[PDB]
Amino acid sequence: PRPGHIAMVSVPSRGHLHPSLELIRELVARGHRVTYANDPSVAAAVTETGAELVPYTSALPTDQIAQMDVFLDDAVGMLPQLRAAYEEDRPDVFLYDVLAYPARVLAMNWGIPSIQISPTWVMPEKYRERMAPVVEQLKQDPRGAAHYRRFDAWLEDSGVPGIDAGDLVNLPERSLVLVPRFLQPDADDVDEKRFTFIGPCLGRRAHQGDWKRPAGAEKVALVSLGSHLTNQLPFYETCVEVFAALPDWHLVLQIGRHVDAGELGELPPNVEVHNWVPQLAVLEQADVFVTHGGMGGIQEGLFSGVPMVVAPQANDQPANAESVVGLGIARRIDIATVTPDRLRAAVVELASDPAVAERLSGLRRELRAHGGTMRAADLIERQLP
Amino acid sequence: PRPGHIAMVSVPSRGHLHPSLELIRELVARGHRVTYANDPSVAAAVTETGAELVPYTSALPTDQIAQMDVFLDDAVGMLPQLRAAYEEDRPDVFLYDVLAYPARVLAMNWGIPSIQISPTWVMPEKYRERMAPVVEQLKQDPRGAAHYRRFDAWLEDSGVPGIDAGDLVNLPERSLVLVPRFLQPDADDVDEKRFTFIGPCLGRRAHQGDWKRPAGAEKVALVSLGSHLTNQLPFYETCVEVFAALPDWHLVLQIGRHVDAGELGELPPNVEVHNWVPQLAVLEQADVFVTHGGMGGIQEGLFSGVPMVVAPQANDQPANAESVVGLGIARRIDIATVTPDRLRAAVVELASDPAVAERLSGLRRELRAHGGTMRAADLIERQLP
Amino acid sequence: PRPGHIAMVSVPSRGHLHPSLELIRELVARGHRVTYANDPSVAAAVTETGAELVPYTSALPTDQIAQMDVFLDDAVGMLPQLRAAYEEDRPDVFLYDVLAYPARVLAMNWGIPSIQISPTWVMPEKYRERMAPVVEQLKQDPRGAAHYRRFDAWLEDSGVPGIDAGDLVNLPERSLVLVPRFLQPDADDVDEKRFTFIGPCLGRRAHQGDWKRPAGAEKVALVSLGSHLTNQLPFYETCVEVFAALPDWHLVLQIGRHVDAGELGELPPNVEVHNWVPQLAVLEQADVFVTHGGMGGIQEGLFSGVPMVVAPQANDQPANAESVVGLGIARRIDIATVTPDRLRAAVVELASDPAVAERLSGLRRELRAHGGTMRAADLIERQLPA
């Protein structure tokens with residue numbers, strides 16, 4: 001495994017930084033020089049891995065095409081910054097997050113092997129063709145048919161005309177998918193010659209403290225859309241509403257950076273309110289976990305053996321909700337409606353059902369069997385001379 | 001000649017980065033080492049040139065004296081960062097944007113030639129004295145006579161006591177003016193022993209996303225407020241109002257960065273609306289161009305041979321509007337008061353008038369004759385050993 | 001002596017940057033390699049010193065426990081950035097601001113001497129034991145059961161379990177305190193085997209634009225709150241009211257970047273108003289200085305021999321106000337309550353009282369005797385190899 005040059009590229013967004021931290025640390029511990037290109041705003045997390053931070057300015061922070069336009073601008077701006085950074089310091093292999101595909105373009109120009117690191121499930125080969133009509137239902141908007149023209153023009157300018165705008169990005173050379181197969185929708189339609197389901201990349205055990213039950217709390221709940229974004233005030237009060245007059249339960253509600261006030265000047269020991277909680281520490285001793293369905297929270301709930309109440313909002317979240325529902329460990333709620341009775345029902349049932357608990361035990365064993373960081377590091381070292 | 005070290009210094013502001021991009025790229029293509037010092041927020045544009053990014057922290061983002069205070073802070077902060085970056089890596093020549101005159105101070109301290117790169121027209125040798133009372137009649141405010149004292153003190157602190165606060169900044173040793181002489185007010189008062197009118201610095205067209213005329217469109221119009229920030233929602237509706245019931249014409253409206261909200265239900269088939277358009281690509285098929293009168297849009301409208309309807313607001317835009325009006329290729333409107341009937345009239349006259357078209361052909365010919373990037377690069381290379 | 005590598009670490013806040021600029025410049029002027037690790041937002045001040053800027057991303061930008069969490073995150077984020085930057089370029093000594101104690105953790109791992117640079121007075125080792133109940137009465141909030149415990153866990157990760165979370169931070173090996181002893185509360189309870197009172201670190205008589213006196217002003221006054229930020233417009237009206245009635249005085253009022261919205265008339269010829277003035281330059285010709293009591297402003301008024309009217313607002317300013325009042329060179333006012341009559345008396349009396357002028361002359365003499373930048377640089381060079 002001759003020490004070689006490994007270049008990791010990602011973006012500052014939280015869901016694209018944490019999933020691969022322990023994988024990068026393992027590559028450093030094996031004697032390789034690892035450079036990590038990301039925005040300096042996440043220099044703390046990058047440097048803690050032990051990798052060389054290679055700073056670049058990220059352009060990432062309403063319309064559907066507008067969201068695609070911002071992502072294209074970041075790719076256009078990202079590529080020259082990596083080229084200047086690595087021109088005289090070329091790596092043996094390029095690792096890149098799903099949103100850092102400009103790194104693949106650089107690898108193709110220099111004849112260097114590249115590996116995609118997917119922080120969540122990938123799009124199946126039948127899923128691409130199924131979404132092809134929406135592409136033509138985007139070219140009649142004069143905005144969607146200028147975005148793709150700009151995208152194809154950028155690929156031609158960047159020295160890779162013989163590849164599709166879909167193939168580049170969503171059809172990598174080789175890819176490491178950091179979710180287990182049972183959290184990947186339509187996994188049988190995913191070609192495992194190309195994609196490898198690794199599962200999460202973990203490392204011994206995290207620190208930042210502990211969190212034990214308040215005495216006389218029989219069942220513990222964590223409600224946190226805390227992967228990143230929260231803002232739904234009416235639903236939060238319903239959570240305190242449900243757990244009010246419900247003793248033996250302890251609600252640990254995380255309302256998030258955007259709120260801190262709004263509470264009720266007192267509040268029983270039944271409800272404790274934070275803007276941030278050590279989610280792993282609370283999840284280790286919790287009996288139910290309410291979440292938005294982000295892959296990071298679900299995999300953390302899975303690893304801790306805690307059933308989940310999923311309230312999907314964005315695009316990755318509904319599919320995640322169906323998966324854990326199909327695994328018999330979760331219920332799906334609709335943030336638009338939901339009642340305290342329906343909320344309390346999903347909460348009280350999930351914590352009592354012993355069949356749910358046995359399924360978490362099995363999924364916990366299936367989770368590790370996917371290989372984790374040790375399997376991923378061996379597969380990356382395979383690409384080194 | 002022989003490969004040397006060329007140091008370019010500019011600021012992140014939009015009008016001070018784009019005008020010289022192709023000039024720096026041309027200097028790199030000639031085998032020179034070109035370092036480009038700018039704020040990391042524009043690292044994408046700097047690196048794409050092929051130049052070595054040399055980061056420094058910019059202090060650039062109320063009142064007139066308040067505006068003068070921030071610009072002085074940036075000059076005070078810029079000089080030590082350039083000194084530290086170039087202390088042991090001194091270049092053969094210093095190139096600096098008009099707002100990066102601290103680079104000239106470094107060149108004077110180190111006996112290095114310096115060249116000012118002006119992205120628009122410079123201040124004439126007599127236009128200053130008409131404002132000289134206002135400058136001296138502002139030294140009556142204890143704000144104008146402490147700011148200059150701060151400016152004068154900084155010159156003494158920086159090792160250049162033998163120069164006026166006006167001379168350094170507004171009287172460079174050598175300067176490259178990136179506009180044609182016919183876009184420079186009072187050109188006869190510009191000493192061309194010192195300033196050289198280069199015109200815009202171009203280098204082929206990078207496509208950036210093509211835009212073909214819609215089939216069955218007689219003449220195409222582009223509405224985009226020229227060079228920097230926009231906010232005019234009511235004028236946007238009048239544009240859609242005018243081009244509604246104006247068939248055979250195709251309106252390409254750019255609503256711009258911010259405040260995009262406030263669409264209009266269906267939008268007629270005549271009007272297609274974007275937040276950003278490839279302005280060079282659209283101007284290639286345009287027959288009239290509505291703009292704010294920024295030098296960037298005007299020079300881009302000139303190069304494409306497209307008559308312009310100019311709606312100046314602040315800064316350079318009123319003077320720029322008179323220039324293109326004096327050239328017989330543009331009409332000036334007041335966005336607050338223009339009426340829908342007058343808008344279609346100014347538009348329909350400009351696109352139909354063949355005398356306007358002939359003047360544009362001549363102005364296109366005059367534009368190239370100023371030399372462009374090839375002349376600018378040749379003049380810069382003369383300052384190399 | 002022999003040129004070595006000195007690494008300074010600080011934070012972007014203004015009161016943690018200016019106090020040590022001239023000290024770093026002196027260490028550079030003495031032929032040493034000085035690296036200065038700070039956030040790039042403050043790169044201008046770092047580079048002007050002449051030191052090598054070592055950039056790291058700072059997480060520093062109501063509730064007692066909430067403030068403690070944000071400071072811990074920045075310390076947690078700072079340490080790996082410092083380790084990566086200095087791992088193969090290790091310094092002979094680590095200099096660190098009070099808020100950059102992760103540099104001390106780095107120095108302990110590498111067996112390197114470290115020196116704390118305190119920009120203001122330190123906490124005597126009796127106030128902490130007095131603060132032990134507040135520590136005990138803060139662990140009862142279920143926020144009180146996650147934060148410090150996270151801090152203790154962080155020490156174990158960083159390789160320093162054999163040190164307390166309080167002792168590390170507030171009990172350095174060696175410390176340079178950049179205030180004189182008469183501006184340090186409970187100075188006798190401060191162990192000077194560990195802490196050294198240096199006084200401010202100065203360097204020549206600067207410009208900042210300079211400021212000549214207007215003719216026909218008998219005595220000049222400068223009004224500028226704390227050492228940076230304010231938001232209280234109403235107090236400003238009383239200042240011009242008091243002076244626009246003393247035609248013999250010349251007021252130089254600093255309203256601050258965070259206002260400008262709202263003035264009064266065209267302004268009398270007695271009053272000149274800015275959002276920012278060269279405070280050192282105005283102090284050259286001033287006869288009274290109104291301030292909130294920030295340590296930066298107080299030491300500048302003290303060094304200029306200018307009596308002060310102190311209007312404390314946030315933390316440290318009342319204790320600083322208490323100090324300068326006890327020294328017989330200042331009067332204390334409450335911006336919320338003070339009236340024009342009490343304000344005008346404090347201004348004219350302080351400027352007229354010759355006993356105050358004599359006390360200022362003596363304190364300025366006491367100021368220099370603490371050693372300043374030359375003493376501090378000599379003490380740092382002692383930790384360097386011969």
# chains A, B, ... in the order shown; residues from 1 in each chain; ligands from 1
>>> select_by_dssp(residues="range 62-250 of chain C", states="strand (DSSP E)", output="list in words")
residues 93, 94, 95, 96, 97, 114, 115, 116, 117, 118, 174, 175, 176, 177, 195, 196, 197, 219, 220, 221, 222, 223, 249 and 250 of chain C
>>> write_last_selection(atoms="N, CA and C atoms", output="short mmCIF file (atom, residue, chain, number, x, y, z; two decimals), in the first residue's frame")
data_model
loop_
_atom_site.label_atom_id
_atom_site.label_comp_id
_atom_site.auth_asym_id
_atom_site.auth_seq_id
_atom_site.Cartn_x
_atom_site.Cartn_y
_atom_site.Cartn_z
N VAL C 93 8.76 28.97 21.14
CA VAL C 93 7.87 29.37 22.22
C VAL C 93 6.52 29.75 21.61
N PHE C 94 5.46 29.51 22.37
CA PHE C 94 4.10 29.87 21.97
C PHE C 94 3.64 31.06 22.80
N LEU C 95 3.29 32.16 22.13
CA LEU C 95 2.62 33.29 22.76
C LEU C 95 1.14 33.21 22.39
N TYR C 96 0.27 33.36 23.38
CA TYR C 96 -1.15 33.21 23.12
C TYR C 96 -1.97 34.19 23.95
N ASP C 97 -2.95 34.80 23.30
CA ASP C 97 -3.95 35.62 23.97
C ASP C 97 -4.76 34.76 24.94
N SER C 114 5.19 28.06 26.83
CA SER C 114 4.11 28.94 26.39
C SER C 114 3.99 30.11 27.35
N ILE C 115 3.59 31.26 26.81
CA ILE C 115 3.41 32.48 27.58
C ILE C 115 2.06 33.08 27.21
N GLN C 116 1.21 33.30 28.20
CA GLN C 116 -0.08 33.94 27.99
C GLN C 116 0.09 35.45 27.91
N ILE C 117 -0.61 36.06 26.95
CA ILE C 117 -0.62 37.51 26.76
C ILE C 117 -2.02 38.00 27.12
N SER C 118 -2.16 38.63 28.29
CA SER C 118 -3.45 39.11 28.75
C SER C 118 -3.62 40.57 28.34
N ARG C 174 3.38 31.00 32.48
CA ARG C 174 3.86 32.37 32.58
C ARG C 174 2.86 33.25 31.85
N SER C 175 2.70 34.48 32.33
CA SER C 175 1.72 35.37 31.73
C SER C 175 2.23 36.80 31.74
N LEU C 176 1.97 37.51 30.65
CA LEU C 176 2.31 38.93 30.53
C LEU C 176 1.00 39.71 30.54
N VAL C 177 0.80 40.50 31.60
CA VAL C 177 -0.42 41.28 31.79
C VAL C 177 -0.15 42.69 31.31
N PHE C 195 2.18 35.84 36.99
CA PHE C 195 1.76 36.96 36.16
C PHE C 195 2.74 38.12 36.31
N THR C 196 3.05 38.79 35.20
CA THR C 196 3.90 39.97 35.21
C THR C 196 3.13 41.16 34.67
N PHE C 197 3.02 42.21 35.48
CA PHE C 197 2.37 43.45 35.05
C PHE C 197 3.34 44.24 34.19
N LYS C 219 -10.18 74.98 26.19
CA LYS C 219 -9.89 73.59 26.51
C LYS C 219 -10.71 72.67 25.62
N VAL C 220 -10.10 71.56 25.20
CA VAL C 220 -10.68 70.65 24.22
C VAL C 220 -11.14 69.38 24.93
N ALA C 221 -12.30 68.89 24.52
CA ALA C 221 -12.90 67.68 25.07
C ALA C 221 -13.15 66.67 23.96
N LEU C 222 -12.97 65.39 24.29
CA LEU C 222 -13.24 64.28 23.38
C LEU C 222 -14.26 63.35 24.02
N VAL C 223 -15.34 63.08 23.30
CA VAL C 223 -16.37 62.13 23.73
C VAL C 223 -16.38 60.96 22.76
N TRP C 249 -14.93 75.98 25.32
CA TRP C 249 -14.56 74.59 25.08
C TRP C 249 -14.83 74.18 23.64
N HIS C 250 -14.06 73.19 23.16
CA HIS C 250 -14.25 72.62 21.83
C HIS C 250 -14.50 71.13 21.97
#
>>> calpha_fit_rmsd(fixed="chain B", moving="chain A")
0.9 Å
>>> residues_around(residues="residue 45 in chain B", least_positions_apart="5", cutoff="9 Å", atoms="only C-alpha atoms", output="MDAnalysis selection string")
(chainID A and resid 77 80:81) or (chainID B and resid 17:18 21)
>>> write_last_selection(atoms="N, CA and C atoms", output="PDB file, in the first residue's frame")
ATOM      1  N   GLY A  77     -17.027  27.770 -10.839  1.00  0.00           N
ATOM      2  CA  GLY A  77     -16.008  28.436 -10.046  1.00  0.00           C
ATOM      3  C   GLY A  77     -15.035  27.481  -9.382  1.00  0.00           C
ATOM      4  N   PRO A  80     -11.475  25.834 -11.800  1.00  0.00           N
ATOM      5  CA  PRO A  80     -10.170  26.509 -11.914  1.00  0.00           C
ATOM      6  C   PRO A  80      -9.403  26.576 -10.608  1.00  0.00           C
ATOM      7  N   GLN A  81     -10.097  26.677  -9.472  1.00  0.00           N
ATOM      8  CA  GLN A  81      -9.402  26.730  -8.189  1.00  0.00           C
ATOM      9  C   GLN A  81      -8.692  25.413  -7.879  1.00  0.00           C
TER      10      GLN A  81
ATOM     11  N   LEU B  17     -12.744  43.829 -11.747  1.00  0.00           N
ATOM     12  CA  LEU B  17     -12.186  42.502 -11.951  1.00  0.00           C
ATOM     13  C   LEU B  17     -12.339  42.016 -13.384  1.00  0.00           C
ATOM     14  N   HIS B  18     -13.550  42.078 -13.935  1.00  0.00           N
ATOM     15  CA  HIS B  18     -13.778  41.578 -15.288  1.00  0.00           C
ATOM     16  C   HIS B  18     -13.007  42.318 -16.384  1.00  0.00           C
ATOM     17  N   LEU B  21      -9.472  40.590 -17.144  1.00  0.00           N
ATOM     18  CA  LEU B  21      -9.303  39.137 -17.088  1.00  0.00           C
ATOM     19  C   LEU B  21      -8.525  38.617 -18.294  1.00  0.00           C
TER      20      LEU B  21
END
>>> residues_around(residues="residue 101 in chain B", least_positions_apart="4", cutoff="8 Å", atoms="only C-alpha atoms", output="list in words")
residues 75, 96, 97, 105, 116, 168 and 169 of chain B
>>> interface_residues(of="chain A", to="chain B", cutoff="10 Å", atoms="only C-alpha atoms", output="JSON, numbers by chain")
{"A": [55, 56, 57, 58, 59, 62, 66, 69, 74, 76, 77, 78, 79, 80, 81, 82, 83, 84, 85, 141, 142, 143, 145, 146, 147, 148, 149, 150, 151, 152, 153, 154, 156, 157]}
>>> write_last_selection(atoms="C-alpha atoms", output="short mmCIF file (atom, residue, chain, number, x, y, z; two decimals), in the first residue's frame")
data_model
loop_
_atom_site.label_atom_id
_atom_site.label_comp_id
_atom_site.auth_asym_id
_atom_site.auth_seq_id
_atom_site.Cartn_x
_atom_site.Cartn_y
_atom_site.Cartn_z
CA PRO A 55 -8.69 26.18 0.45
CA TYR A 56 -11.03 27.23 -2.33
CA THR A 57 -13.86 29.75 -2.29
CA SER A 58 -17.25 28.05 -2.45
CA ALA A 59 -20.20 29.71 -4.15
CA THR A 62 -36.21 29.35 -4.58
CA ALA A 66 -32.71 28.58 -9.87
CA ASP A 69 -28.27 27.46 -11.47
CA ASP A 74 -20.26 26.67 -7.90
CA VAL A 76 -17.83 26.51 -12.77
CA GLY A 77 -16.01 28.44 -10.05
CA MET A 78 -14.65 25.32 -8.34
CA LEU A 79 -12.83 23.79 -11.31
CA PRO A 80 -10.17 26.51 -11.91
CA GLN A 81 -9.40 26.73 -8.19
CA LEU A 82 -8.63 23.00 -8.01
CA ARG A 83 -6.61 23.20 -11.24
CA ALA A 84 -4.41 25.99 -9.87
CA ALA A 85 -4.08 24.22 -6.52
CA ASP A 141 -39.12 27.14 -19.67
CA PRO A 142 -36.56 29.42 -21.38
CA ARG A 143 -34.52 29.11 -18.16
CA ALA A 145 -33.04 25.22 -21.73
CA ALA A 146 -30.32 27.82 -21.10
CA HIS A 147 -29.03 26.07 -17.99
CA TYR A 148 -28.37 22.79 -19.82
CA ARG A 149 -26.89 24.69 -22.78
CA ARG A 150 -24.60 26.43 -20.29
CA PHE A 151 -23.85 23.07 -18.66
CA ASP A 152 -22.97 21.38 -21.95
CA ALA A 153 -20.95 24.43 -22.97
CA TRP A 154 -18.94 24.24 -19.73
CA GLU A 156 -16.90 21.37 -23.80
CA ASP A 157 -14.79 24.26 -22.47
#
>>> interface_residues(of="chain C", to="chain A", cutoff="6 Å", atoms="only C-alpha atoms", output="JSON list (two decimals) with C-alpha atoms, in the first residue's frame")
[["chain", "number", "residue", "atom", "x", "y", "z"],
["C", 77, "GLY", "CA", -12.09, 24.41, 16.29],
["C", 80, "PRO", "CA", -6.66, 21.24, 15.04],
["C", 81, "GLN", "CA", -6.06, 24.26, 12.81],
["C", 149, "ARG", "CA", -18.34, 18.00, 30.97],
["C", 150, "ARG", "CA", -17.75, 18.44, 27.23],
["C", 153, "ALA", "CA", -13.74, 15.48, 27.70]]
>>> residues_around(residues="residue 119 in chain A", least_positions_apart="6", cutoff="9 Å", atoms="only C-alpha atoms", output="JSON, numbers by chain")
{"A": [15, 16, 17, 18, 19, 20, 97, 98, 176, 177, 178, 179, 200, 295, 296]}
>>> write_last_selection(atoms="N, CA, C and O atoms", output="short mmCIF file (atom, residue, chain, number, x, y, z; two decimals), in the first residue's frame")
data_model
loop_
_atom_site.label_atom_id
_atom_site.label_comp_id
_atom_site.auth_asym_id
_atom_site.auth_seq_id
_atom_site.Cartn_x
_atom_site.Cartn_y
_atom_site.Cartn_z
N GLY A 15 -24.06 18.28 5.44
CA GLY A 15 -24.33 16.91 5.05
C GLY A 15 -23.32 16.32 4.09
O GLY A 15 -23.43 15.14 3.74
N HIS A 16 -22.34 17.11 3.65
CA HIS A 16 -21.31 16.64 2.74
C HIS A 16 -19.93 16.66 3.38
O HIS A 16 -18.94 16.38 2.70
N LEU A 17 -19.85 16.97 4.67
CA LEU A 17 -18.58 17.05 5.37
C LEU A 17 -18.42 15.97 6.43
O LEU A 17 -17.42 15.26 6.44
N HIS A 18 -19.42 15.82 7.31
CA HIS A 18 -19.33 14.82 8.37
C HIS A 18 -19.28 13.37 7.88
O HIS A 18 -18.54 12.58 8.50
N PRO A 19 -20.00 12.95 6.83
CA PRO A 19 -20.03 11.51 6.52
C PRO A 19 -18.68 10.89 6.19
O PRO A 19 -18.52 9.68 6.38
N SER A 20 -17.70 11.66 5.72
CA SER A 20 -16.43 11.07 5.29
C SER A 20 -15.26 11.45 6.19
O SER A 20 -14.12 11.13 5.86
N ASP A 97 -16.76 14.48 -3.22
CA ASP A 97 -18.16 14.42 -2.83
C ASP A 97 -19.04 14.53 -4.07
O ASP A 97 -18.61 15.00 -5.13
N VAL A 98 -20.30 14.10 -3.93
CA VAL A 98 -21.22 14.10 -5.05
C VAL A 98 -21.37 15.49 -5.65
O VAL A 98 -21.60 15.64 -6.86
N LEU A 176 -18.14 5.26 -3.80
CA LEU A 176 -18.32 4.73 -2.45
C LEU A 176 -19.56 5.38 -1.84
O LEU A 176 -19.55 6.58 -1.54
N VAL A 177 -20.60 4.58 -1.63
CA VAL A 177 -21.88 5.06 -1.12
C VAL A 177 -21.91 4.77 0.38
O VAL A 177 -21.96 3.61 0.80
N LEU A 178 -21.91 5.82 1.19
CA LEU A 178 -21.82 5.68 2.65
C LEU A 178 -23.17 5.46 3.30
O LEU A 178 -23.46 6.04 4.35
N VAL A 179 -24.02 4.65 2.70
CA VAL A 179 -25.26 4.19 3.33
C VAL A 179 -25.33 2.68 3.14
O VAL A 179 -24.74 2.16 2.17
N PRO A 200 -22.05 3.72 6.83
CA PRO A 200 -21.39 4.88 7.43
C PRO A 200 -19.95 4.57 7.77
O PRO A 200 -19.56 3.42 7.97
N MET A 295 -30.30 11.66 6.15
CA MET A 295 -29.57 10.40 6.24
C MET A 295 -28.66 10.37 7.46
O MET A 295 -28.48 9.30 8.07
N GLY A 296 -28.10 11.51 7.85
CA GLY A 296 -27.22 11.54 9.01
C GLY A 296 -27.95 11.19 10.29
O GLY A 296 -27.46 10.41 11.11
#
>>> residues_around(residues="range 224-229 of chain C", least_positions_apart="3", cutoff="7 Å", atoms="only C-alpha atoms", output="PyMOL selection string")
chain C and resi 253-254+290-294+296-297
>>> select_by_dssp(residues="range 86-268 of chain C", states="helix (DSSP H, G or I)", output="PyMOL selection string")
chain C and resi 86+102-109+127-136+147-157+167-170+181-183+187-189+234-243
>>> residues_around(residues="range 309-317 of chain A", least_positions_apart="2", cutoff="7 Å", atoms="only C-alpha atoms", output="list in words")
residues 289, 290, 291, 292, 293, 294, 319, 320, 321, 330, 331, 332, 333, 334 and 335 of chain A
>>> atom_distance(atom1="CA of residue 269 in chain B", atom2="CA of residue 341 in chain B")
20.4 Å
>>> decode(residues="range 105-148 of chain A", atoms="C-alpha atoms", output="JSON list (two decimals), in the first residue's frame")
[["chain", "number", "residue", "atom", "x", "y", "z"],
["A", 105, "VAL", "CA", -13.25, 16.67, -14.70],
["A", 106, "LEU", "CA", -9.76, 17.50, -13.40],
["A", 107, "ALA", "CA", -8.95, 13.79, -13.04],
["A", 108, "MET", "CA", -10.05, 13.10, -16.62],
["A", 109, "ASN", "CA", -7.86, 15.92, -17.98],
["A", 110, "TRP", "CA", -4.82, 14.54, -16.14],
["A", 111, "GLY", "CA", -5.55, 10.84, -16.65],
["A", 112, "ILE", "CA", -5.92, 10.32, -12.89],
["A", 113, "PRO", "CA", -8.32, 7.81, -11.28],
["A", 114, "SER", "CA", -11.25, 9.35, -9.42],
["A", 115, "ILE", "CA", -13.65, 7.94, -6.83],
["A", 116, "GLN", "CA", -16.99, 9.48, -5.92],
["A", 117, "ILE", "CA", -17.85, 9.58, -2.21],
["A", 118, "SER", "CA", -21.65, 9.69, -1.91],
["A", 119, "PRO", "CA", -22.93, 10.83, 1.52],
["A", 120, "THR", "CA", -26.39, 9.38, 0.82],
["A", 121, "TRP", "CA", -28.11, 7.06, -1.65],
["A", 122, "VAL", "CA", -27.29, 7.36, -5.36],
["A", 123, "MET", "CA", -29.68, 7.49, -8.32],
["A", 124, "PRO", "CA", -30.34, 4.08, -9.94],
["A", 125, "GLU", "CA", -29.74, 3.51, -13.64],
["A", 126, "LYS", "CA", -33.51, 3.14, -14.16],
["A", 127, "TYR", "CA", -34.09, 6.32, -12.14],
["A", 128, "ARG", "CA", -32.12, 8.44, -14.64],
["A", 129, "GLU", "CA", -34.22, 7.40, -17.63],
["A", 130, "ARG", "CA", -37.44, 7.83, -15.63],
["A", 131, "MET", "CA", -36.50, 11.45, -14.91],
["A", 132, "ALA", "CA", -35.60, 12.13, -18.56],
["A", 133, "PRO", "CA", -39.14, 13.43, -19.39],
["A", 134, "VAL", "CA", -38.80, 16.09, -16.67],
["A", 135, "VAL", "CA", -35.71, 17.30, -18.55],
["A", 136, "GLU", "CA", -37.85, 17.98, -21.62],
["A", 137, "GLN", "CA", -40.48, 19.43, -19.28],
["A", 138, "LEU", "CA", -37.66, 21.77, -18.25],
["A", 139, "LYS", "CA", -36.53, 22.87, -21.75],
["A", 140, "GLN", "CA", -39.76, 24.77, -22.52],
["A", 141, "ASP", "CA", -39.12, 27.14, -19.67],
["A", 142, "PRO", "CA", -36.56, 29.42, -21.38],
["A", 143, "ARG", "CA", -34.52, 29.11, -18.16],
["A", 144, "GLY", "CA", -34.17, 25.32, -18.10],
["A", 145, "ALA", "CA", -33.04, 25.22, -21.73],
["A", 146, "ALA", "CA", -30.32, 27.82, -21.10],
["A", 147, "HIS", "CA", -29.03, 26.07, -17.99],
["A", 148, "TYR", "CA", -28.37, 22.79, -19.82]]
